[PDB]
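To start, the structure itself, in structure tokens.
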Amino acid sequence: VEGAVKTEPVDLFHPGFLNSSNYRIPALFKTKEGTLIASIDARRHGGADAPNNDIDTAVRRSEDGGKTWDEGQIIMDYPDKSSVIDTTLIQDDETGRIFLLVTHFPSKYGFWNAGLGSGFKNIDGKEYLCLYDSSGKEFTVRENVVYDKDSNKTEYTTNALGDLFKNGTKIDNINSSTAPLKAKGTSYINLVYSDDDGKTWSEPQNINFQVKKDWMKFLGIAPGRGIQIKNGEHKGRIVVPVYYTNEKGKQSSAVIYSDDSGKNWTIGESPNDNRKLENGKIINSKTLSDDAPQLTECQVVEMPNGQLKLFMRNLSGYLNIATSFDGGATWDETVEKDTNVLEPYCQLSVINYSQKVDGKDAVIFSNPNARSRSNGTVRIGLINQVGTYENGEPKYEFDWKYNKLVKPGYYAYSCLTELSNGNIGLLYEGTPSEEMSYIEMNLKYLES
Ligand SMILES: *[C@]1(C(=O)O)O[C@@H]([C@H](O)[C@H](O)CO)[C@H](NC(C)=O)[C@@H](O)[C@H]1F
Ligand SMILES: [Ca+2]
Ligand SMILES: [Ca+2]
């Protein structure tokens, strides 16, 4: 229609960019300064997930609203088929600090073979990363100095990247397939941060000891973005979607969050914890033994009063939505199924939109509207309160009033952002693992 804007796709990542043959897993965010940051997996050996690859994290920035982008940089790169996989972006408005979190695996590990627990051990009241030698003896890293099982200092030290130094000389890396001391083979949550609007990034902080329980096998970032709560008593809380497997391998969503500007993180309960299934069975994420109720990658948005809604990949064929009244610490027992929104078992993106649409608060949603990763569709969901829960909290529901096909053919993972001009930016997998496409759309287009 007249005045509709949908830009022609640009390949923001593609084979050869930064000398990476493949790319997957978009994250896209507009900073407080108005800069766009796009992060992605630079999959170096093909498109496959860990452990069958060597994956680094790449970032591009735009200072002109997505019209032009910088030359990119690799910000995390582990050796020898140790991979960082699945990024997410969020910023603390108070401090201006931008966070990027990602899942990390040592060489040979990935989602399906991750070992149990955090990979840390408590010694005398502090958690220390464990290392193992060829005989299986256990060592700890205490302030980057390696101690043996009898608390004798060894000749080894580490750094935040896992480099392993013998008397100060680098000899290997604890994440490789060859090191004399290796980390536990499991997932780790890494966090890096930027205080200069994404130009430079810290080295990784391994926060597994704060967020990963002893019964979780995988715990990973659910890629895309986080939020910082705007309304109510949890205002300022930084909320990052995640998901994990239990000892039986079954997946449940949750969020990690920080009330102290990213210094410390905690994991909330899953919506699968004390979840009441359709006909009344009660499950929990620690004991879940069936495939059907699994809840996996997810993204979160905030309601007008501060209530959270967690939108989740799942096995029902349709979108599932959980509700939290306590800032992501727990969820209502009922997970809603929205049969207006097909969900083919793929990541989705949902964001708050800053302006009213048709007099209502709104969200913007992106996923493949199909029974496969195709027919990429962007929706505007209007929020309406429809009475209250038994506990008196407002009950909010979405009206998917506007729905627009933006990508015929292949469409997999995606990430939205609102732009400074009020339009919507979208970075999406329009190929399995090669070109990642960026478009800008206005509301007139989305409503057409
Ligand atoms: C997606 C994908 O489906 O395309 O899957 C994730 C997991 O394999 C899946 O959620 C497991 O049930 C990948 N992440 C990891 C850590 O394997 C994503 O990178 C992506 F591959
Ligand atoms: Ca690498
Ligand atoms: Ca619950």
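The way I read the labels, and the way they are meant: chains A, B, ... in the order of the structure tokens, residue 1 as the first residue of every chain, and ligand 1 as the first ligand shown, with later ones counted on from there.
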| message | Neighbours of ligand 3 at 9 Å or closer, counting only C-alpha atoms and all ligand atoms: which residues, as a list in words? | response |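 Residues satisfying the distance criterion: residues 269, 270, 271, 272, 273, 274, 275, 276, 284, 324, 330, 331, 332, 333 and 334 of chain A.
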Within 10 Å of ligand 2 (only C-alpha atoms and all ligand atoms), residues as a JSON list (two decimals) with N, CA, C and O atoms, in the first residue's frame:
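Output below, filename out.json:
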[["chain", "number", "residue", "atom", "x", "y", "z"],
["A", 42, "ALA", "N", 29.16, -17.54, 14.07],
["A", 42, "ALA", "CA", 30.03, -17.76, 12.90],
["A", 42, "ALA", "C", 30.43, -19.23, 12.94],
["A", 42, "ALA", "O", 31.30, -19.64, 13.74],
["A", 43, "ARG", "N", 29.68, -20.04, 12.20],
["A", 43, "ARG", "CA", 29.86, -21.50, 12.22],
["A", 43, "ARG", "C", 30.93, -21.86, 11.17],
["A", 43, "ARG", "O", 30.67, -21.76, 9.97],
["A", 44, "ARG", "N", 32.12, -22.25, 11.62],
["A", 44, "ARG", "CA", 33.32, -22.25, 10.77],
["A", 44, "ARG", "C", 33.46, -23.46, 9.87],
["A", 44, "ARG", "O", 34.22, -23.42, 8.90],
["A", 45, "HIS", "N", 32.77, -24.54, 10.22],
["A", 45, "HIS", "CA", 32.95, -25.80, 9.49],
["A", 45, "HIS", "C", 31.73, -26.36, 8.81],
["A", 45, "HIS", "O", 31.77, -27.48, 8.29],
["A", 53, "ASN", "N", 31.20, -28.99, 15.00],
["A", 53, "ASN", "CA", 31.57, -27.70, 14.41],
["A", 53, "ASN", "C", 32.60, -27.03, 15.28],
["A", 53, "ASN", "O", 33.00, -27.57, 16.34],
["A", 54, "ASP", "N", 32.97, -25.83, 14.85],
["A", 54, "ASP", "CA", 33.81, -24.92, 15.63],
["A", 54, "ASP", "C", 33.14, -23.57, 15.42],
["A", 54, "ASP", "O", 33.20, -23.03, 14.33],
["A", 55, "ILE", "N", 32.48, -23.05, 16.45],
["A", 55, "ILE", "CA", 31.62, -21.87, 16.30],
["A", 55, "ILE", "C", 32.13, -20.75, 17.18],
["A", 55, "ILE", "O", 32.45, -20.94, 18.36],
["A", 56, "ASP", "N", 32.23, -19.56, 16.56],
["A", 56, "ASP", "CA", 32.66, -18.33, 17.21],
["A", 56, "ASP", "C", 31.48, -17.36, 17.22],
["A", 56, "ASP", "O", 30.51, -17.54, 16.47],
["A", 57, "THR", "N", 31.55, -16.34, 18.07],
["A", 57, "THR", "CA", 30.50, -15.32, 18.10],
["A", 57, "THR", "C", 30.98, -14.08, 17.33],
["A", 57, "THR", "O", 32.08, -13.57, 17.62],
["A", 74, "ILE", "N", 34.92, -10.70, 15.58],
["A", 74, "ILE", "CA", 34.71, -11.92, 16.34],
["A", 74, "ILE", "C", 35.02, -11.60, 17.78],
["A", 74, "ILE", "O", 36.12, -11.10, 18.08],
["A", 76, "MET", "N", 34.24, -13.88, 20.61],
["A", 76, "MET", "CA", 34.60, -15.07, 21.41],
["A", 76, "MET", "C", 34.98, -16.14, 20.42],
["A", 76, "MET", "O", 34.23, -16.39, 19.44],
["A", 77, "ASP", "N", 36.14, -16.79, 20.66],
["A", 77, "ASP", "CA", 36.66, -17.82, 19.75],
["A", 77, "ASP", "C", 37.46, -18.77, 20.62],
["A", 77, "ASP", "O", 38.51, -18.40, 21.14],
["A", 78, "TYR", "N", 36.95, -19.98, 20.79],
["A", 78, "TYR", "CA", 37.66, -21.04, 21.53],
["A", 78, "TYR", "C", 38.30, -22.00, 20.52],
["A", 78, "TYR", "O", 37.82, -22.13, 19.38],
["A", 79, "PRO", "N", 39.37, -22.67, 20.92],
["A", 79, "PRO", "CA", 40.07, -23.52, 19.97],
["A", 79, "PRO", "C", 39.47, -24.89, 19.81],
["A", 79, "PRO", "O", 38.70, -25.37, 20.64],
["A", 80, "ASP", "N", 39.86, -25.53, 18.71],
["A", 80, "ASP", "CA", 39.77, -26.98, 18.61],
["A", 80, "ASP", "C", 38.37, -27.52, 18.85],
["A", 80, "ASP", "O", 38.19, -28.48, 19.58],
["A", 81, "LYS", "N", 37.38, -26.93, 18.16],
["A", 81, "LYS", "CA", 35.99, -27.41, 18.14],
["A", 81, "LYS", "C", 35.30, -27.24, 19.49],
["A", 81, "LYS", "O", 34.26, -27.84, 19.72],
["A", 82, "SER", "N", 35.87, -26.40, 20.35],
["A", 82, "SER", "CA", 35.08, -25.83, 21.46],
["A", 82, "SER", "C", 34.26, -24.70, 20.89],
["A", 82, "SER", "O", 34.83, -23.91, 20.12],
["A", 83, "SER", "N", 32.95, -24.63, 21.16],
["A", 83, "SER", "CA", 32.06, -23.69, 20.48],
["A", 83, "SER", "C", 31.31, -22.79, 21.47],
["A", 83, "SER", "O", 30.98, -23.21, 22.59],
["A", 84, "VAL", "N", 31.08, -21.56, 21.02],
["A", 84, "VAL", "CA", 30.06, -20.70, 21.63],
["A", 84, "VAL", "C", 28.88, -20.68, 20.66],
["A", 84, "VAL", "O", 29.07, -20.46, 19.46],
["A", 107, "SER", "N", 35.35, -28.81, 23.66],
["A", 107, "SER", "CA", 35.43, -29.67, 22.50],
["A", 107, "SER", "C", 34.77, -31.03, 22.83],
["A", 107, "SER", "O", 34.99, -31.58, 23.91]]
| Long-range neighbours of segment 287-290 of chain A as a ChimeraX atom specification, 9 Å cut-off, only C-alpha atoms, 4 positions minimum in chain | /A:246-252,272,283,294
Counting only C-alpha atoms and all ligand atoms, what residues are within 8 Å of ligand 1, given as a PDB file with N, CA and C atoms, in the first residue's frame?
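result.pdb written:
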ATOM      1  N   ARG A  24      24.539 -18.741  11.642  1.00  0.00           N
ATOM      2  CA  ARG A  24      23.217 -19.070  12.148  1.00  0.00           C
ATOM      3  C   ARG A  24      22.963 -18.277  13.422  1.00  0.00           C
ATOM      4  N   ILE A  25      21.693 -18.208  13.801  1.00  0.00           N
ATOM      5  CA  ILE A  25      21.238 -17.821  15.156  1.00  0.00           C
ATOM      6  C   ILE A  25      21.316 -16.333  15.419  1.00  0.00           C
ATOM      7  N   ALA A  48      26.311 -27.301  11.097  1.00  0.00           N
ATOM      8  CA  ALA A  48      25.849 -28.178  12.174  1.00  0.00           C
ATOM      9  C   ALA A  48      26.033 -27.592  13.567  1.00  0.00           C
ATOM     10  N   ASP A  49      25.159 -27.996  14.475  1.00  0.00           N
ATOM     11  CA  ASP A  49      25.305 -27.580  15.870  1.00  0.00           C
ATOM     12  C   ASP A  49      26.558 -28.226  16.499  1.00  0.00           C
ATOM     13  N   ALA A  50      27.045 -27.628  17.571  1.00  0.00           N
ATOM     14  CA  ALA A  50      27.989 -28.301  18.479  1.00  0.00           C
ATOM     15  C   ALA A  50      27.410 -29.675  18.812  1.00  0.00           C
ATOM     16  N   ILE A  85      27.664 -20.898  21.174  1.00  0.00           N
ATOM     17  CA  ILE A  85      26.515 -21.147  20.335  1.00  0.00           C
ATOM     18  C   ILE A  85      25.320 -20.523  21.066  1.00  0.00           C
ATOM     19  N   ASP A  86      24.537 -19.729  20.330  1.00  0.00           N
ATOM     20  CA  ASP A  86      23.237 -19.158  20.747  1.00  0.00           C
ATOM     21  C   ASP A  86      23.416 -17.916  21.601  1.00  0.00           C
ATOM     22  N   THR A 103      25.880 -19.712  25.102  1.00  0.00           N
ATOM     23  CA  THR A 103      26.201 -21.027  25.646  1.00  0.00           C
ATOM     24  C   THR A 103      27.573 -21.471  25.126  1.00  0.00           C
ATOM     25  N   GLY A 110      27.979 -30.928  23.300  1.00  0.00           N
ATOM     26  CA  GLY A 110      26.872 -30.099  22.810  1.00  0.00           C
ATOM     27  C   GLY A 110      25.615 -30.439  23.577  1.00  0.00           C
ATOM     28  N   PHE A 111      24.488 -29.983  23.040  1.00  0.00           N
ATOM     29  CA  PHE A 111      23.209 -30.079  23.736  1.00  0.00           C
ATOM     30  C   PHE A 111      22.932 -31.503  24.227  1.00  0.00           C
ATOM     31  N   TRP A 112      23.175 -32.521  23.404  1.00  0.00           N
ATOM     32  CA  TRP A 112      22.648 -33.832  23.707  1.00  0.00           C
ATOM     33  C   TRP A 112      23.530 -34.623  24.647  1.00  0.00           C
ATOM     34  N   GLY A 220      21.154 -23.598  28.656  1.00  0.00           N
ATOM     35  CA  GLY A 220      21.655 -22.728  27.630  1.00  0.00           C
ATOM     36  C   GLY A 220      20.808 -21.493  27.452  1.00  0.00           C
ATOM     37  N   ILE A 221      21.440 -20.491  26.864  1.00  0.00           N
ATOM     38  CA  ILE A 221      20.745 -19.313  26.383  1.00  0.00           C
ATOM     39  C   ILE A 221      19.697 -19.669  25.356  1.00  0.00           C
ATOM     40  N   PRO A 223      18.201 -18.100  22.299  1.00  0.00           N
ATOM     41  CA  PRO A 223      18.781 -16.968  21.586  1.00  0.00           C
ATOM     42  C   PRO A 223      17.781 -15.889  21.205  1.00  0.00           C
ATOM     43  N   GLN A 251      13.316 -31.156  28.221  1.00  0.00           N
ATOM     44  CA  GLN A 251      13.579 -29.712  28.178  1.00  0.00           C
ATOM     45  C   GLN A 251      12.484 -28.884  28.842  1.00  0.00           C
ATOM     46  N   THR A 296      10.907 -25.109  25.461  1.00  0.00           N
ATOM     47  CA  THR A 296      12.314 -25.058  25.118  1.00  0.00           C
ATOM     48  C   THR A 296      12.753 -23.604  24.951  1.00  0.00           C
ATOM     49  N   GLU A 297      13.313 -23.227  23.812  1.00  0.00           N
ATOM     50  CA  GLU A 297      13.716 -21.836  23.618  1.00  0.00           C
ATOM     51  C   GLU A 297      12.504 -20.935  23.810  1.00  0.00           C
ATOM     52  N   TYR A 345       8.135 -25.976  15.936  1.00  0.00           N
ATOM     53  CA  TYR A 345       9.284 -26.419  16.757  1.00  0.00           C
ATOM     54  C   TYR A 345      10.546 -25.693  16.285  1.00  0.00           C
ATOM     55  N   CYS A 346      10.474 -24.368  16.452  1.00  0.00           N
ATOM     56  CA  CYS A 346      11.524 -23.469  16.048  1.00  0.00           C
ATOM     57  C   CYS A 346      11.555 -22.273  17.016  1.00  0.00           C
ATOM     58  N   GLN A 347      12.731 -21.638  17.100  1.00  0.00           N
ATOM     59  CA  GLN A 347      12.852 -20.408  17.850  1.00  0.00           C
ATOM     60  C   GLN A 347      11.879 -19.354  17.295  1.00  0.00           C
ATOM     61  N   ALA A 412      13.665 -19.668   9.482  1.00  0.00           N
ATOM     62  CA  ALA A 412      13.916 -20.394  10.742  1.00  0.00           C
ATOM     63  C   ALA A 412      14.055 -19.422  11.900  1.00  0.00           C
ATOM     64  N   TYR A 413      15.224 -19.335  12.548  1.00  0.00           N
ATOM     65  CA  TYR A 413      15.356 -18.445  13.705  1.00  0.00           C
ATOM     66  C   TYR A 413      15.330 -16.970  13.271  1.00  0.00           C
TER      67      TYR A 413
END
Which residues are near residue 341 of chain A? Cut-off 10 Å, only C-alpha atoms, ignore same chain within fewer than 4 positions. Put them as an mmCIF file with C-alpha atoms, in the first residue's frame.
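The file below, out.cif, is the result:
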data_model
loop_
_atom_site.group_PDB
_atom_site.id
_atom_site.type_symbol
_atom_site.label_atom_id
_atom_site.label_comp_id
_atom_site.auth_asym_id
_atom_site.auth_seq_id
_atom_site.Cartn_x
_atom_site.Cartn_y
_atom_site.Cartn_z
ATOM 1 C CA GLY A 317 2.321 -27.354 17.058
ATOM 2 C CA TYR A 318 1.158 -23.967 18.337
ATOM 3 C CA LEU A 319 2.545 -21.141 20.441
ATOM 4 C CA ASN A 320 2.632 -21.619 24.215
ATOM 5 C CA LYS A 337 -1.814 -22.634 23.870
ATOM 6 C CA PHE A 365 6.114 -11.324 16.972
ATOM 7 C CA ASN A 367 8.247 -16.969 13.518
ATOM 8 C CA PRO A 368 7.589 -19.419 10.688
ATOM 9 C CA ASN A 369 3.782 -19.596 10.321
ATOM 10 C CA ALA A 370 3.702 -23.205 9.136
ATOM 11 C CA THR A 377 5.364 -14.004 9.336
ATOM 12 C CA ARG A 379 2.468 -10.144 13.669
ATOM 13 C CA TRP A 400 -3.114 -11.069 16.740
#
| message | Considering only strand (DSSP E or B) as DSSP defines it on the backbone, what residues of segment 165-404 of chain A qualify? List them as an MDAnalysis selection string. | response | chainID A and resid 165:166 169:173 182:183 188:194 205:206 219:221 224:225 227:228 238:245 251:258 266:267 275:276 282:283 295:302 308:314 318:324 336:342 349:352 357 360 362:368 374:388 394:404
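Shortest atom-to-atom contact with residue 165 of chain A among A:7, A:140, A:183, A:146: A:146, counting only C-alpha atoms.
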| field | Non-local contacts of residue 366 of chain A (6 Å; only C-alpha atoms; under 3 positions in same chain excluded) as a PyMOL selection string | value | chain A and resi 348-349+377-378
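For the choices A:414, A:119, A:182, A:90, the atom-to-atom distance to residue 132 of chain A is smallest for A:182 when using only C-alpha atoms.
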| task | Please measure the separation of atom CA of residue 145 of chain A and atom CA of residue 167 of chain A, giving the value in Å to one decimal. | result |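 Result for atom CA of residue 145 of chain A versus atom CA of residue 167 of chain A: 10.5 Å, one decimal.
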Write down as a PDB file with N, CA, C and O atoms, in the first residue's frame the residues of segment 170-418 of chain A whose backbone DSSP state falls under alpha helix (DSSP H).
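Contents of out19.pdb, freshly written:
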ATOM      1  N   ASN A 208      28.052 -20.247  35.350  1.00  0.00           N
ATOM      2  CA  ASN A 208      27.363 -21.494  35.601  1.00  0.00           C
ATOM      3  C   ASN A 208      27.151 -21.720  37.092  1.00  0.00           C
ATOM      4  O   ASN A 208      26.131 -22.313  37.470  1.00  0.00           O
ATOM      5  N   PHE A 209      28.124 -21.326  37.921  1.00  0.00           N
ATOM      6  CA  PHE A 209      28.008 -21.584  39.356  1.00  0.00           C
ATOM      7  C   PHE A 209      26.833 -20.834  39.977  1.00  0.00           C
ATOM      8  O   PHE A 209      26.367 -21.230  41.048  1.00  0.00           O
ATOM      9  N   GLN A 210      26.384 -19.771  39.348  1.00  0.00           N
ATOM     10  CA  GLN A 210      25.256 -18.991  39.882  1.00  0.00           C
ATOM     11  C   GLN A 210      23.900 -19.523  39.454  1.00  0.00           C
ATOM     12  O   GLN A 210      22.926 -19.350  40.173  1.00  0.00           O
ATOM     13  N   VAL A 211      23.823 -20.115  38.253  1.00  0.00           N
ATOM     14  CA  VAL A 211      22.528 -20.421  37.632  1.00  0.00           C
ATOM     15  C   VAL A 211      22.251 -21.887  37.359  1.00  0.00           C
ATOM     16  O   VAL A 211      21.076 -22.236  37.155  1.00  0.00           O
TER      17      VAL A 211
END
| Close residues, residue 130 of chain A itself excluded, 10 Å, only C-alpha atoms, min 4 positions apart in chain, as an MDAnalysis selection string | chainID A and resid 118:122 137:142 146:148 181:184
| Skipping near chain neighbours, those fewer than 6 positions away, what residues fall within 7 Å of residue 428 of chain A using only C-alpha atoms, listed as number ranges by chain? | A: 26, 413-415, 436-438
| field | Which residue of A:416, A:164, A:102, A:405 approaches residue 204 of chain A most closely, using only C-alpha atoms | value |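 With only C-alpha atoms as the atom set, the closest residue is A:102.
Checking A:408, A:225, A:73, A:109 one by one against residue 87 of chain A, counting only C-alpha atoms, you find the shortest gap at A:225.
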| field | Residue nearest residue 37 of chain A among A:372, A:194, A:134, A:22 (counting only C-alpha atoms) | value |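 Checking each of A:372, A:194, A:134, A:22 against residue 37 of chain A, counting only C-alpha atoms, the winner is A:194.
One distance worth recording is that between atom CA of residue 335 of chain A and atom CA of residue 232 of chain A, which is 23.0 Å.
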